[PDB]
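Asks: To start, I am sharing the structure in question, which I have written as structure tokens.
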Amino acid sequence: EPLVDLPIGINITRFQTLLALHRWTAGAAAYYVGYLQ
Amino acid sequence: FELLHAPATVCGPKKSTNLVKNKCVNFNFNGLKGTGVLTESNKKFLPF
């Protein structure tokens with residue numbers, strides 16, 4: 001379901017994910033990236 | 001301000017009149033324009 005629609009109005013060509021380093025130290029994580037066509 | 005058409009962050013107030021039901025009316029809902037009778041709906045819309 002749609003979460004938000006944002007009138008940012010800027011070009012995007014790359015993206016970076018952000019990971020929170022907990023109490024550096026962080027547990028193992030598993031994530032997936034696919035590209036829409 | 002710029003009136004050249006683009007994504008408009010700032011807009012003036014829109015003007016919503018009172019809603020009537022069970023009577024044939026021209027109706028506008030956020031740019032959706034139609035002619036019809038409005039009645040209570042059993043169908044369950046999703047929130048979005």
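Residue numbering restarts at 1 for every chain of the structure tokens, chains are lettered A, B, ... in their displayed order, and ligands are numbered from 1 as they appear.
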Once you count only C-alpha atoms, what closest atom pair and distance in Å to one decimal does each residue of chain B within 9 Å of chain A have, with rows by chain and rising residue number, as JSON lines?

Replies:
{"residue": "B:7", "atom": "CA", "partner": "A:7", "partner_atom": "CA", "distance": 6.9}
{"residue": "B:8", "atom": "CA", "partner": "A:7", "partner_atom": "CA", "distance": 8.5}
{"residue": "B:9", "atom": "CA", "partner": "A:7", "partner_atom": "CA", "distance": 7.5}
{"residue": "B:48", "atom": "CA", "partner": "A:2", "partner_atom": "CA", "distance": 7.1}

Asks: Next, the residues of the selection above should be written as an mmCIF file, in the first residue's frame with N, CA, C and O atoms.

Replies:
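Final file, result.cif:
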data_model
loop_
_atom_site.group_PDB
_atom_site.id
_atom_site.type_symbol
_atom_site.label_atom_id
_atom_site.label_comp_id
_atom_site.auth_asym_id
_atom_site.auth_seq_id
_atom_site.Cartn_x
_atom_site.Cartn_y
_atom_site.Cartn_z
ATOM 1 N N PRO B 7 5.065 21.796 -9.752
ATOM 2 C CA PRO B 7 4.539 21.320 -8.466
ATOM 3 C C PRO B 7 4.352 22.481 -7.502
ATOM 4 O O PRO B 7 5.302 23.191 -7.162
ATOM 5 N N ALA B 8 3.110 22.673 -7.063
ATOM 6 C CA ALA B 8 2.715 23.849 -6.296
ATOM 7 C C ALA B 8 2.713 23.503 -4.814
ATOM 8 O O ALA B 8 1.832 22.778 -4.339
ATOM 9 N N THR B 9 3.761 23.869 -4.085
ATOM 10 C CA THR B 9 3.808 23.605 -2.620
ATOM 11 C C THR B 9 2.767 24.474 -1.926
ATOM 12 O O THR B 9 2.033 23.944 -1.082
ATOM 13 N N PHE B 48 -6.097 4.655 1.844
ATOM 14 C CA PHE B 48 -5.485 5.498 0.824
ATOM 15 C C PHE B 48 -6.398 5.712 -0.376
ATOM 16 O O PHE B 48 -6.238 6.707 -1.090
#

Asks: Extract, using only C-alpha atoms, all DNA, RNA and protein residues at most 9 Å from range 13-29 of chain B, discarding same-chain residues fewer than 4 positions from it, and format them as a list in words.

Replies: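 Counting only C-alpha atoms, the residues come to residues 33, 34, 35, 36, 37, 38, 39 and 40 of chain B.
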